[PDB]
Every structure is written in structure tokens, then in C-alpha cells.
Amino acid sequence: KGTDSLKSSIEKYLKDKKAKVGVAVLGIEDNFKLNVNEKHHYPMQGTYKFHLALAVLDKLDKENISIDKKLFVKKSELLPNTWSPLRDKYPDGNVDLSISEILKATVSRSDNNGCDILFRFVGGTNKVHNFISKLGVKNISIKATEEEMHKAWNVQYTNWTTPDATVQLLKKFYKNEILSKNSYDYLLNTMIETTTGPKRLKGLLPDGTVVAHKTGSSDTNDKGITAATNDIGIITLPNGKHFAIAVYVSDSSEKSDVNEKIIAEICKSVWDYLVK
């Protein structure tokens, strides 16, 4: 009967997939809800740079600090051997960068040094955890910086979420219940104006569908397990309405192109349902 047939359709798709896949959908203006494998903790990876950006922009809003205020970034903070367009652009460090530019690198391009710079700015991972909890969203654990996750293999699992929590947080954000209008407009634009994950949530959608999103990805260990392949965001339906969706393909033995196709197929079948 509608939602449960779509849910059964997704579960049948997931049966032969060697991964633990979590799915959540929340209508923005017309309450719609769908969960698959909700009672599970999924490693977030890069998706938690969205949570960090909320915390940075909230701090700017509350303390009346301009997004153009510049922060001095020491060379020792532009770590090597990590994804970081910031360090590529400023290899020698010791540069004054506006918060706006660090945020853009972090959200739109998933900069890891940008991420840790901003964690320092808001007072560390626990401060972001508290900020998120006090918004009334439970079941998000934020324990490790990018530099910390790049050490032991296990550390990435201490940044975890249920799919429900993400989609609740995306909806609060998207309905502008969190930020000032200017902070909201900026974060939203950087989530639309990203080049990442073209084969994930957006993979099978019609050309030009606007999708504000944040990806997350992990390494693959030598037992062929890719810990995390994620995409979360807000999608615009043909009638101009929206839905928040989060897909976490975790602890997967499948090849990377299958992991992305899973996100794209699931999103497509949710799209088809709400369009019909």
C-alpha cells in the first residue's frame, strides 16, 4: 500500500547485495517517511562535514562574526597525504583564509584539512556533537577529526549515525529552522554547487534536477571491505516540492561502481514513487 510496497521493493533489491545499506527519506513540505535498516549505526565519513558546517555557521550567527573574517592557517595544519585542495592551493601554509573559503573547500570539495581547521574553530568534535544533540536530533556520534580517522582503520566507525537522524537534521536545516537566512543560503548553495558523487543520489535522476548534497567515502581494506559509500541531501521534485534522503552503503564487499549504483537505484525508485 504505497510506502510499504516501495520499501519491499528496496529490500528485494538489497537482498543480493553484500553490504549493510541504510536508507531514510523525509518529505519536506508533505510529510512522507521511509526507513530501511534504520536500527543500525553507519559510519559517516565525509557526510559529517555537513554537520560541522552547521556548527560553524551557527557560531557565526550567534557571535555576529562575518563569514569573510580571515583565520591564519599554520603550515603544520595543511597535512600531506590527505585529500585537501586547500594544501594544494597554499602548499606553504601560513596564510590568512576567510571562513567562507575554508567552508567552501570543506563542504563542496570535502577538504580534510579544511574540516579539521573548522573543528578547531568551533572547539572540537564534542562541541559539534553537543550542538547537534541540542537541536533535538539523537543518534549521531561525532568523535574523530579527519587526521584521527586517517590513523587506525577502526576510527571511522566512531563517527556514526542512523539514517533517520541524518534526514531529520537535513529537514531542520532545509526548512531554515537552524540558521540565519544568509548562512542558510550560503551552505545550501555550496551543497548544490558540488561536483562530487555524480553517480550517487543524482546518478539516475533527470538532467538538471537540483540536488543539494554531501558525499562520504572510505578506503577498502585487504579483505575487500569498503567501510562506507554514502550520499545525503535534499532533492527537488518536478512539482517544486522537496525530500531529504540519506543512503549509507556500509561494510560492502561489492565493487565501488556497484556501491554507487545502489545509492542511485534506491534514490531513483524513491523519486519514481513520489513523482507518481
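Note that residue numbering begins at 1 and tracks the sequence as displayed.
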Checklist entry - Once you work out the mean C-alpha B-factor for both 29 to 37 and 226 to 234 from the entry, which is higher? => result 29 to 37
Item to check | Per the entry, higher mean C-alpha B factor between 260 to 268 and 7 to 15 | outcome: 7 to 15
Next on the checklist: Maximum C-alpha temperature factor per the entry, among 190, 110, 100, 133, belongs to which one?
Outcome noted: 133
Item to check | residue 120 - Cα temperature factor, lowest/middle/highest third of chain | outcome: lowest
Checklist entry - Should residue 217 be placed in the lowest, middle or highest third of its chain by the C-alpha B factor in the entry? => result middle
Checklist outcome for this item: Of the three thirds of the chain ranked by Cα temperature factor, residue 152 occupies the highest
Item to check | Cα B factor band for residue 126 (lowest, middle or highest third within the chain) | outcome: middle
Checklist entry - So where's residue 137 on the chain's Cα temperature factor ranking, which third? => result highest
